[PDB]
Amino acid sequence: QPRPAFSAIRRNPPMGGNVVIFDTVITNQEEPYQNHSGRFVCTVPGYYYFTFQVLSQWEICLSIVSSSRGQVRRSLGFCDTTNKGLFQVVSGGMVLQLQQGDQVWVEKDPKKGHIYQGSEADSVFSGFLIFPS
C-alpha cells in the first residue's frame, strides 16, 4: 500500500543555486526526498500536499516548484519582506497532482533569499500523499 511522506530541516545545507536544500531528514517514508539536492521525487502518482515554514531575518521570497519530464513548472510564491533583522517565518503550501518521476522542490528569489542559518531555530519542508490517482 502506497505511504510517501517526508519532513526535512536545515542545519548543514550545501549552498548554491536558488534551490533551497533541507539537508537534515526527520522523516522520509518511502525515501521520496533527496537531502543532497532538496528534491522530492514522486514514485506513487496522485494528489500530494506540500508545505514549508522557513525562517528569515531580512527579505525572503520562496516558491514551491515542480517538474515533469524535466520541464520546470513554476508556481505560487510566498514572501516576508519585514527586513528588520528579526526572526520572521514565511510559509506556504499547496496540493499538487503528480505523475511518476515528477520532482518537487523549494526555490528562492535570487533577489530576496535570506534564510537564517544557525542553531536557535529551524526551517522545515514537508510533503505527503493525500490519495493516489
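We number the residues from 1 along the sequence you see.
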Would you determine, from the values in the PDB entry, which of 70-78 and 51-59 has the greater average C-alpha temperature factor?
-> 70-78
Compare the mean C-alpha B-factor of 122-130 with that of 3-11 as given in the PDB entry, and name the stretch with the higher value.
-> 3-11
The third of the chain into which the C-alpha temperature factor of residue 85 falls is the highest
Lowest, middle or highest third: where is residue 34 by C-alpha B factor in its chain?
-> middle
Residue 43, C-alpha B-factor rank within chain (lowest, middle or highest third) = highest
